[PDB]
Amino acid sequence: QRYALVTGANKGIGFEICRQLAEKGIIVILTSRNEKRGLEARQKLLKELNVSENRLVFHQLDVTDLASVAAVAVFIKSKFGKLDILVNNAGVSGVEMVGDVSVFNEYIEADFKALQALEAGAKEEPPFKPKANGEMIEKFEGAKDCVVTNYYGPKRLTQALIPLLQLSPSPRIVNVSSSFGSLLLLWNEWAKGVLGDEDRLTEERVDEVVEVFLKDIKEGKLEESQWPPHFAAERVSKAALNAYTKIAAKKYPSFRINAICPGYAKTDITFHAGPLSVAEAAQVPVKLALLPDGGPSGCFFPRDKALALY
């Protein structure tokens, strides 16, 4: 059999990744940080799939808790003896909303427009302030949770699961990242140079980038230290995740390890805005989880490029 573990799978894109992999006949370990939510998600998905009980298994996993990470590896080893697919899907935004929550989507739309302009050769991100009566608050505690969940989480879980993934004939890791991890949006020239210097990339260099960011937001130096004007922790964490994807792909050459953007999809993180359904979003990480042997590794794929790979 093939076995897949999906993090952050009690709702959103992660839940649909579990659906789509299970439909392909892969035995899915649906994981969640909250045990009650995860057990209820498993019950719902099993009902909707209408498949036998052994097709979908639950285990608790909080990607920010080292004991939880270690325990899931012990569980997989005892129950299955290998792992074929790891999908690092869990993530948080680092932002708290005050007032009209649709301001979150105004920033997303502005950032997509900015990225398109930058990719077309423009040299700076336009300033942006929202229309509606809300604001996105970005504080240290949320930024730390964002970095620890979105960057340290995939790194630590990847590292814990290497022995089991090495026992697969086609080991696959898919990191659910974002187009907003583009270095074009990162602002900080030092960090852009470090994360972009692929030949010198190491885990220690990426850790240093994220820790310098966290010290700056702790001290209120984000503008003076040239970090992004908004979605700072999200951008930093996803850029770091993309860099770690490259590091890990080089370190584990028999694996295929890739980062993706699912597209802008209706989930709790977006207040259920965005053009894509959750099922549409999940197609992207599923595509990379099922990548044939010999395919790309170490890369970041936006939605349309991912879906065109094969």
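Numbers follow the displayed sequence, beginning with 1.
Note on 134-142 vs 222-230: mean CA B-factor is higher in 222-230.
Stretches 51-59 and 278-286 differ in mean C-alpha B factor, with the higher average recorded for 51-59. Out of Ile162, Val92, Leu185, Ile85, the entry records its largest CA B-factor for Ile162. Set against one another, the Cα B-factors of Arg256, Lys250, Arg33, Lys44 in the record reach their highest point at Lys250. Annotation for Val147: CA B-factor lies in the lowest third of the chain's modelled residues.
The deposited CA B-factor of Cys261 belongs to the lowest third of values across its chain.
Sorting the modelled residues of the chain by their CA temperature factor places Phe104 in the lowest third.
The PDB entry assigns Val28 a C-alpha temperature factor belonging to the lowest third of its chain's modelled residues. Ranked within its chain, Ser237 lands in the lowest third, by CA B factor from the PDB record.
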